file final-v3.cif (mmCIF, C-alpha atoms)
data_target
loop_
_atom_site.label_atom_id
_atom_site.label_comp_id
_atom_site.auth_asym_id
_atom_site.auth_seq_id
_atom_site.Cartn_x
_atom_site.Cartn_y
_atom_site.Cartn_z
CA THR Y 2 -2.96 7.89 113.17
CA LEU Y 3 -4.55 4.50 112.52
CA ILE Y 4 -4.81 4.11 108.75
CA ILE Y 5 -7.39 1.54 107.69
CA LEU Y 6 -7.47 0.08 104.20
CA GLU Y 7 -10.61 -1.43 102.66
CA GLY Y 8 -11.67 -2.63 99.26
CA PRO Y 9 -11.75 -5.64 96.88
CA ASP Y 10 -8.73 -7.48 95.42
CA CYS Y 11 -6.74 -6.15 92.49
CA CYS Y 12 -6.80 -2.60 93.69
CA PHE Y 13 -3.17 -2.34 94.86
CA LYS Y 14 -4.19 -2.36 98.51
CA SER Y 15 -0.92 -4.13 99.40
CA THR Y 16 1.13 -1.83 97.24
CA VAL Y 17 -0.37 1.35 98.69
CA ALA Y 18 0.16 -0.23 102.11
CA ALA Y 19 3.89 -0.73 101.43
CA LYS Y 20 4.35 2.87 100.30
CA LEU Y 21 2.51 4.26 103.29
CA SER Y 22 4.62 2.15 105.63
CA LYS Y 23 7.94 3.14 104.07
CA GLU Y 24 6.90 6.78 104.13
CA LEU Y 25 4.90 7.32 107.32
CA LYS Y 26 6.93 4.72 109.16
CA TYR Y 27 3.86 2.73 110.30
CA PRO Y 28 3.90 -1.07 110.70
CA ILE Y 29 1.38 -3.12 108.68
CA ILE Y 30 -1.30 -5.44 110.06
CA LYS Y 31 -3.93 -7.57 108.27
CA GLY Y 32 -7.25 -7.22 110.03
CA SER Y 33 -9.43 -9.79 108.28
CA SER Y 34 -9.08 -13.19 109.97
CA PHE Y 35 -10.74 -16.01 107.99
CA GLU Y 36 -9.76 -18.39 110.79
CA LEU Y 37 -11.21 -16.28 113.64
CA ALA Y 38 -14.18 -15.14 111.54
CA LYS Y 39 -15.22 -18.79 111.73
CA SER Y 40 -14.67 -19.74 115.36
CA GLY Y 41 -17.22 -17.31 116.79
CA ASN Y 42 -18.60 -13.78 116.95
CA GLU Y 43 -17.07 -13.22 120.39
CA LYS Y 44 -13.45 -14.11 119.58
CA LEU Y 45 -13.96 -12.10 116.35
CA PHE Y 46 -15.05 -8.95 118.16
CA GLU Y 47 -12.29 -9.36 120.70
CA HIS Y 48 -9.86 -9.55 117.80
CA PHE Y 49 -10.90 -6.28 116.14
CA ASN Y 50 -10.96 -4.70 119.59
CA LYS Y 51 -7.29 -5.51 120.17
CA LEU Y 52 -6.48 -3.85 116.87
CA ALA Y 53 -8.61 -0.84 117.81
CA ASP Y 54 -6.06 -0.02 120.52
CA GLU Y 55 -3.04 0.07 118.19
CA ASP Y 56 -2.09 3.37 116.58
CA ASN Y 57 0.48 4.68 114.08
CA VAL Y 58 -0.02 1.64 111.85
CA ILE Y 59 -1.80 0.55 108.71
CA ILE Y 60 -4.47 -2.14 108.79
CA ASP Y 61 -5.06 -4.02 105.57
CA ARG Y 62 -8.80 -4.84 105.81
CA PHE Y 63 -10.68 -4.13 109.05
CA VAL Y 64 -14.25 -4.49 110.30
CA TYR Y 65 -15.81 -3.07 107.15
CA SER Y 66 -14.23 -5.90 105.17
CA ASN Y 67 -15.70 -8.49 107.52
CA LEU Y 68 -19.06 -6.78 107.22
CA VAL Y 69 -18.80 -7.74 103.54
CA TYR Y 70 -17.09 -11.07 103.12
CA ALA Y 71 -19.40 -12.42 105.83
CA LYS Y 72 -22.37 -12.26 103.47
CA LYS Y 73 -20.52 -14.67 101.20
CA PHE Y 74 -18.85 -17.46 103.15
CA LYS Y 75 -20.65 -20.08 105.23
CA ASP Y 76 -19.80 -20.28 108.94
CA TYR Y 77 -18.51 -16.71 108.94
CA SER Y 78 -19.19 -14.36 111.88
CA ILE Y 79 -20.13 -10.71 111.49
CA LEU Y 80 -19.95 -7.76 113.87
CA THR Y 81 -23.26 -6.50 115.24
CA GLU Y 82 -24.18 -2.86 114.70
CA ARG Y 83 -23.54 -2.14 118.39
CA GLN Y 84 -20.15 -3.86 118.19
CA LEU Y 85 -19.25 -1.81 115.16
CA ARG Y 86 -20.19 1.57 116.64
CA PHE Y 87 -18.26 0.49 119.70
CA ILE Y 88 -15.08 -0.02 117.67
CA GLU Y 89 -15.65 3.08 115.55
CA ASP Y 90 -16.00 5.04 118.81
CA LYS Y 91 -12.65 3.81 120.09
CA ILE Y 92 -10.98 4.88 116.83
CA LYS Y 93 -13.09 7.90 115.78
CA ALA Y 94 -10.27 10.26 116.74
CA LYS Y 95 -7.32 8.33 115.35
CA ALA Y 96 -8.82 6.76 112.25
CA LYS Y 97 -8.46 7.30 108.51
CA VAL Y 98 -10.71 4.87 106.70
CA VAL Y 99 -9.47 4.29 103.19
CA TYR Y 100 -11.46 2.64 100.47
CA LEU Y 101 -9.59 1.61 97.33
CA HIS Y 102 -11.81 0.35 94.52
CA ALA Y 103 -12.26 0.30 90.69
CA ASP Y 104 -14.99 -0.30 88.11
CA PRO Y 105 -16.34 -3.90 87.83
CA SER Y 106 -15.14 -4.10 84.24
CA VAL Y 107 -11.65 -3.02 85.26
CA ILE Y 108 -11.50 -5.48 88.15
CA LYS Y 109 -12.55 -8.47 86.05
CA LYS Y 110 -9.97 -7.40 83.47
CA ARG Y 111 -7.23 -7.37 86.18
CA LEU Y 112 -8.53 -10.68 87.47
CA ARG Y 113 -8.35 -12.19 84.01
CA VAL Y 114 -4.87 -10.77 83.63
CA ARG Y 115 -3.86 -12.51 86.86
CA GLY Y 116 -5.34 -15.82 85.72
CA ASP Y 117 -8.30 -16.74 87.93
CA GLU Y 118 -10.34 -19.87 87.15
CA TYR Y 119 -13.16 -19.45 89.70
CA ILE Y 120 -13.70 -15.88 88.43
CA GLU Y 121 -17.48 -15.67 88.70
CA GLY Y 122 -18.14 -12.74 86.35
CA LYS Y 123 -20.83 -10.83 88.27
CA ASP Y 124 -20.08 -11.70 91.89
CA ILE Y 125 -17.60 -8.84 91.72
CA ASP Y 126 -20.51 -6.51 90.97
CA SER Y 127 -22.13 -7.69 94.17
CA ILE Y 128 -18.91 -7.35 96.19
CA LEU Y 129 -18.53 -3.79 94.93
CA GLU Y 130 -22.19 -3.01 95.41
CA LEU Y 131 -21.86 -4.47 98.92
CA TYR Y 132 -18.72 -2.49 99.83
CA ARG Y 133 -20.15 0.87 98.93
CA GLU Y 134 -23.18 -0.24 100.93
CA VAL Y 135 -21.10 -0.83 104.06
CA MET Y 136 -19.05 2.34 103.60
CA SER Y 137 -22.29 4.29 103.30
CA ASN Y 138 -23.41 3.05 106.72
CA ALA Y 139 -20.19 3.97 108.46
CA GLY Y 140 -19.95 5.97 111.64
CA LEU Y 141 -16.53 7.39 110.79
CA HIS Y 142 -15.69 9.60 107.85
CA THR Y 143 -14.38 7.64 104.84
CA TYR Y 144 -11.93 8.38 102.02
CA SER Y 145 -12.05 6.55 98.70
CA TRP Y 146 -9.78 6.42 95.65
CA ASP Y 147 -10.56 4.94 92.24
CA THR Y 148 -7.54 2.69 91.49
CA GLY Y 149 -8.59 2.99 87.89
CA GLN Y 150 -8.02 6.74 87.69
CA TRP Y 151 -5.16 7.39 90.13
CA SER Y 152 -1.94 5.43 90.49
CA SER Y 153 -0.83 3.65 93.62
CA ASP Y 154 1.70 6.45 94.02
CA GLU Y 155 -0.60 9.43 93.69
CA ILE Y 156 -2.95 7.74 96.17
CA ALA Y 157 -0.29 7.09 98.78
CA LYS Y 158 0.73 10.73 98.45
CA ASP Y 159 -2.80 12.01 99.11
CA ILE Y 160 -3.16 9.89 102.26
CA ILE Y 161 0.38 10.75 103.42
CA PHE Y 162 -0.49 14.44 103.21
CA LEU Y 163 -3.72 13.94 105.20
CA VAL Y 164 -2.07 11.92 107.92
CA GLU Y 165 0.65 14.55 108.42
CA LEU Y 166 -2.09 17.17 108.44
CA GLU Y 167 -4.05 15.49 111.27
CA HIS Y 168 -2.35 17.71 113.84
CA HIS Y 169 -4.78 20.43 112.69
CA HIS Y 170 -7.77 18.01 112.55
CA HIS Y 171 -10.40 18.00 115.31
CA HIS Y 172 -12.86 15.14 115.18
CA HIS Y 173 -16.24 16.20 116.57
CA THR G 2 -15.71 -39.64 75.30
CA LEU G 3 -16.73 -37.17 78.01
CA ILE G 4 -13.66 -35.79 79.78
CA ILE G 5 -14.44 -34.21 83.14
CA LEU G 6 -11.75 -32.12 84.81
CA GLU G 7 -11.95 -31.46 88.58
CA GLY G 8 -9.66 -29.91 91.16
CA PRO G 9 -8.43 -26.66 92.77
CA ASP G 10 -7.00 -23.61 91.06
CA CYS G 11 -3.36 -23.21 90.18
CA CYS G 12 -3.22 -26.77 88.91
CA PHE G 13 -3.14 -25.97 85.19
CA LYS G 14 -6.64 -27.33 84.63
CA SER G 15 -7.32 -24.74 81.95
CA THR G 16 -3.99 -25.50 80.31
CA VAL G 17 -4.49 -29.25 80.34
CA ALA G 18 -7.91 -28.64 78.83
CA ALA G 19 -6.51 -26.50 76.01
CA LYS G 20 -4.11 -29.27 74.98
CA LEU G 21 -6.67 -32.05 75.24
CA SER G 22 -8.97 -30.00 73.01
CA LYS G 23 -6.32 -29.26 70.40
CA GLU G 24 -5.45 -32.95 70.19
CA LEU G 25 -8.68 -34.90 70.72
CA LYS G 26 -10.63 -32.20 68.88
CA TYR G 27 -13.12 -31.91 71.78
CA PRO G 28 -14.84 -28.58 72.55
CA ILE G 29 -14.44 -27.09 76.02
CA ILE G 30 -17.34 -26.47 78.42
CA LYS G 31 -17.21 -24.99 81.96
CA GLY G 32 -19.46 -27.05 84.20
CA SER G 33 -19.68 -25.08 87.45
CA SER G 34 -22.31 -22.31 87.38
CA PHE G 35 -22.07 -19.72 90.17
CA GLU G 36 -25.20 -17.98 88.91
CA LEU G 37 -27.24 -21.22 88.68
CA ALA G 38 -25.71 -22.69 91.85
CA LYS G 39 -27.40 -19.80 93.64
CA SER G 40 -30.81 -19.75 91.95
CA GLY G 41 -31.88 -23.18 93.16
CA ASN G 42 -31.20 -26.89 93.39
CA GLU G 43 -33.74 -27.71 90.71
CA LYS G 44 -32.40 -25.42 87.98
CA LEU G 45 -28.91 -26.57 89.06
CA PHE G 46 -29.68 -30.26 88.59
CA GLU G 47 -31.32 -29.46 85.29
CA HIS G 48 -28.02 -27.85 84.34
CA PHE G 49 -25.67 -30.77 84.92
CA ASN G 50 -28.29 -33.08 83.44
CA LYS G 51 -28.08 -31.12 80.19
CA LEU G 52 -24.32 -31.48 80.23
CA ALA G 53 -24.53 -35.19 80.99
CA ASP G 54 -25.86 -35.64 77.44
CA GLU G 55 -22.97 -34.01 75.57
CA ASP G 56 -20.17 -36.28 74.41
CA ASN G 57 -16.71 -35.85 72.90
CA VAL G 58 -16.10 -32.75 74.97
CA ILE G 59 -14.15 -31.55 77.95
CA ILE G 60 -15.91 -30.14 80.98
CA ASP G 61 -13.86 -27.88 83.18
CA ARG G 62 -15.42 -28.57 86.62
CA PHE G 63 -18.57 -30.63 87.00
CA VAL G 64 -20.75 -32.04 89.72
CA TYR G 65 -17.84 -33.04 91.92
CA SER G 66 -16.66 -29.43 91.98
CA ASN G 67 -20.11 -28.23 93.05
CA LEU G 68 -20.15 -30.92 95.72
CA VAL G 69 -17.15 -29.03 97.13
CA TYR G 70 -17.52 -25.31 96.60
CA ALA G 71 -21.06 -25.64 97.98
CA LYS G 72 -19.71 -26.26 101.48
CA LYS G 73 -18.06 -22.85 101.30
CA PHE G 74 -20.34 -20.24 99.79
CA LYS G 75 -23.65 -19.07 101.27
CA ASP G 76 -26.79 -19.53 99.16
CA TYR G 77 -25.13 -22.26 97.10
CA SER G 78 -27.08 -25.35 96.00
CA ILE G 79 -25.67 -28.87 96.05
CA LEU G 80 -26.67 -32.06 94.24
CA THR G 81 -28.33 -34.73 96.34
CA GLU G 82 -26.78 -38.19 96.45
CA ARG G 83 -29.63 -39.55 94.30
CA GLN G 84 -29.14 -36.73 91.79
CA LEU G 85 -25.45 -37.45 91.62
CA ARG G 86 -25.80 -41.20 91.05
CA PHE G 87 -28.39 -40.31 88.44
CA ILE G 88 -25.90 -38.19 86.51
CA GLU G 89 -23.04 -40.63 87.03
CA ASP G 90 -25.32 -43.35 85.60
CA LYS G 91 -25.99 -41.35 82.45
CA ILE G 92 -22.24 -40.88 81.93
CA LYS G 93 -20.79 -44.08 83.43
CA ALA G 94 -19.99 -45.41 79.97
CA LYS G 95 -18.65 -42.26 78.35
CA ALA G 96 -16.89 -40.60 81.26
CA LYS G 97 -13.26 -40.00 82.21
CA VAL G 98 -13.15 -38.18 85.52
CA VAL G 99 -9.89 -36.34 85.88
CA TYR G 100 -8.62 -34.88 89.12
CA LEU G 101 -5.68 -32.48 88.89
CA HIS G 102 -4.25 -31.45 92.27
CA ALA G 103 -0.99 -30.58 94.12
CA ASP G 104 0.34 -30.39 97.68
CA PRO G 105 -1.08 -27.58 99.92
CA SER G 106 2.36 -26.05 100.23
CA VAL G 107 2.81 -26.01 96.47
CA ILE G 108 -0.62 -24.49 95.86
CA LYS G 109 -0.14 -21.65 98.36
CA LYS G 110 3.25 -21.02 96.76
CA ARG G 111 1.60 -20.74 93.29
CA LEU G 112 -1.11 -18.57 94.81
CA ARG G 113 1.49 -16.27 96.34
CA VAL G 114 3.29 -16.19 93.02
CA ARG G 115 0.06 -15.08 91.34
CA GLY G 116 -0.53 -12.37 93.93
CA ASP G 117 -3.64 -13.17 95.97
CA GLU G 118 -4.65 -10.92 98.87
CA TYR G 119 -7.53 -12.97 100.31
CA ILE G 120 -5.26 -16.04 100.36
CA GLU G 121 -6.46 -17.67 103.58
CA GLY G 122 -3.49 -19.94 104.30
CA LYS G 123 -5.24 -23.12 105.48
CA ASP G 124 -8.57 -22.98 103.67
CA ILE G 125 -6.70 -24.61 100.81
CA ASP G 126 -5.98 -27.56 103.08
CA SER G 127 -9.70 -27.91 103.61
CA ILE G 128 -10.49 -27.55 99.91
CA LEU G 129 -7.97 -30.28 99.13
CA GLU G 130 -9.13 -32.43 102.01
CA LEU G 131 -12.68 -31.90 100.76
CA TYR G 132 -11.92 -32.77 97.12
CA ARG G 133 -10.28 -36.07 97.88
CA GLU G 134 -13.30 -36.68 100.10
CA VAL G 135 -15.73 -36.20 97.22
CA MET G 136 -13.60 -38.17 94.75
CA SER G 137 -13.51 -41.02 97.26
CA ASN G 138 -17.32 -41.19 97.28
CA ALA G 139 -17.64 -41.27 93.52
CA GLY G 140 -19.68 -43.80 91.60
CA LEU G 141 -17.48 -43.60 88.51
CA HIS G 142 -13.82 -44.53 88.31
CA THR G 143 -11.50 -41.53 88.79
CA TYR G 144 -8.05 -40.58 87.49
CA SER G 145 -5.78 -38.15 89.32
CA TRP G 146 -2.50 -36.43 88.47
CA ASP G 147 -0.22 -34.51 90.84
CA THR G 148 0.48 -31.23 89.00
CA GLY G 149 3.48 -30.96 91.24
CA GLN G 150 5.19 -34.06 89.85
CA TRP G 151 4.04 -34.23 86.21
CA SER G 152 3.88 -31.40 83.70
CA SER G 153 0.76 -30.18 81.98
CA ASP G 154 2.11 -31.87 78.87
CA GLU G 155 2.86 -35.30 80.28
CA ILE G 156 -0.61 -35.27 81.87
CA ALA G 157 -2.43 -34.38 78.68
CA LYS G 158 -0.53 -37.19 76.97
CA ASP G 159 -1.62 -39.77 79.53
CA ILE G 160 -5.30 -38.81 79.20
CA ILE G 161 -5.05 -38.59 75.39
CA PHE G 162 -3.76 -42.16 75.32
CA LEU G 163 -6.60 -43.40 77.56
CA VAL G 164 -9.30 -41.68 75.57
CA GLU G 165 -8.03 -43.17 72.30
CA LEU G 166 -7.86 -46.52 74.06
CA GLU G 167 -11.52 -46.44 75.17
CA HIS G 168 -12.53 -48.48 72.12
CA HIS G 169 -11.19 -51.50 74.02
CA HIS G 170 -12.76 -50.37 77.35
CA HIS G 171 -15.94 -52.03 78.65
CA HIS G 172 -17.54 -50.33 81.63
CA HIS G 173 -19.34 -52.86 83.83
#

call {"tool": "encode", "arguments": {"input": "final-v3.cif", "output": "structure tokens"}}
result
Amino acid sequence: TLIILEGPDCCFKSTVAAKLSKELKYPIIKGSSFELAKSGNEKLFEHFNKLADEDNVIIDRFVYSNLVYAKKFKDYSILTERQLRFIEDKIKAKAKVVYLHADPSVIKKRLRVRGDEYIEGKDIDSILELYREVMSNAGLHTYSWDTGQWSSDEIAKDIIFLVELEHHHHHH
Amino acid sequence: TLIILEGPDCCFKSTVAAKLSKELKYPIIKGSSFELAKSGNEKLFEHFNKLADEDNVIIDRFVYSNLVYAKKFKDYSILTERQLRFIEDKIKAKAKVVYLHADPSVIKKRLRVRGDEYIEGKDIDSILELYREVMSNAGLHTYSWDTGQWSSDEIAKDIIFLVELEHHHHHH
């Protein structure tokens, strides 16, 4: 199974990743490539394509993340709808898209707790509004957990159970 | 005296500001305006112009900061060279431009210590390379402190001494 993790900062994405790795015994890879997302759309698509072949691993931020942070940074490539559906097709059978989020208020609170200085104050709202926009236009099925209601542990357990239950799952 | 603080995160800018305020009895104002830096160049210029009138205060990030973060975020206005020199002219006599920075390696280390997930890994290099680029093209005189060599306390003392010494300072 190719577990994909998406969502904004301060949602324990890295923690949940660690737990899933230790448990499911899957390596961890960071999809998002600020460097490559600048160079060009081609080398960017190639990149995500290489990852689309891997399996039995966890990807911390994939195409969906790029389809979000691209609408924020200058000189930042984005995948075309055709390129997306292409990648989703190659992973449709081995993919578990995970979206970890939290309320805007909660995220700013965690951000303040961490000590940010550039902390906009509303840009988060947009990021969140943007994420659920991208997830809504996904070709694959998506799973989301509110990191404000469930702990990093309870979440990893849910996913762990699904993954091990895939043997009975037929993607059609 | 108008104290203007510029530089990247993780350089104790907010801490140096707190001390300067407690001592010099100057209120603190955050220059940068994400909201207004998006709206438009006009309302943005009107913003800094309004701040260029205040005195005996500390501004956490001002025009120089905008002249940096603008080359990074989409839909982000920037001040024109004429608009900058205009503002620098209005403050040339009452301004102390402070630049707090640190080595790229040190900043990433502090970033890691804080727990960032979007932490590029080289974008900082650009930000720093960009800042010293802007500071170099400044109309006012600038003062910079390496937050990697001097403590937040020693820095605030240096500035505090300068400010109180302005009575003897003639800007020409």

call {"tool": "resolve_selection", "arguments": {"input": "final-v3.cif", "expression": "the PyMOL selection byres ((chain Y) within 8 of (chain G))", "output": "PDB file with C-alpha atoms, keeping the file's coordinate frame"}}
result
ATOM      1  CA  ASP Y  10      -8.730  -7.480  95.420  1.00  0.00           C
ATOM      2  CA  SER Y  15      -0.920  -4.130  99.400  1.00  0.00           C
ATOM      3  CA  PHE Y  35     -10.740 -16.010 107.990  1.00  0.00           C
ATOM      4  CA  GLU Y  36      -9.760 -18.390 110.790  1.00  0.00           C
ATOM      5  CA  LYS Y  72     -22.370 -12.260 103.470  1.00  0.00           C
ATOM      6  CA  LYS Y  73     -20.520 -14.670 101.200  1.00  0.00           C
ATOM      7  CA  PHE Y  74     -18.850 -17.460 103.150  1.00  0.00           C
ATOM      8  CA  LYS Y  75     -20.650 -20.080 105.230  1.00  0.00           C
ATOM      9  CA  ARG Y 115      -3.860 -12.510  86.860  1.00  0.00           C
ATOM     10  CA  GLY Y 116      -5.340 -15.820  85.720  1.00  0.00           C
ATOM     11  CA  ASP Y 117      -8.300 -16.740  87.930  1.00  0.00           C
ATOM     12  CA  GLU Y 118     -10.340 -19.870  87.150  1.00  0.00           C
ATOM     13  CA  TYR Y 119     -13.160 -19.450  89.700  1.00  0.00           C
ATOM     14  CA  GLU Y 121     -17.480 -15.670  88.700  1.00  0.00           C
TER      15      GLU Y 121
END

call {"tool": "closest_residue", "arguments": {"input": "final-v3.cif", "among": "G:140, G:97, G:47, G:148", "to": "residue 111 in chain G", "atoms": "only C-alpha atoms"}}
result
G:148

call {"tool": "closest_residue", "arguments": {"input": "final-v3.cif", "among": "Y:132, Y:155, Y:160, Y:165", "to": "residue 21 in chain Y", "atoms": "all atoms listed in the file"}}
result
Y:160

call {"tool": "closest_residue", "arguments": {"input": "final-v3.cif", "among": "Y:51, Y:152, Y:142, Y:162", "to": "residue 16 in chain Y", "atoms": "all atoms listed in the file"}}
result
Y:152

call {"tool": "residues_around", "arguments": {"input": "final-v3.cif", "residues": "residue 85 in chain Y", "least_positions_apart": "6", "cutoff": "9 Å", "atoms": "all atoms listed in the file", "output": "NGL selection string"}}
result
:Y and (46 or 64-65 or 139-140)
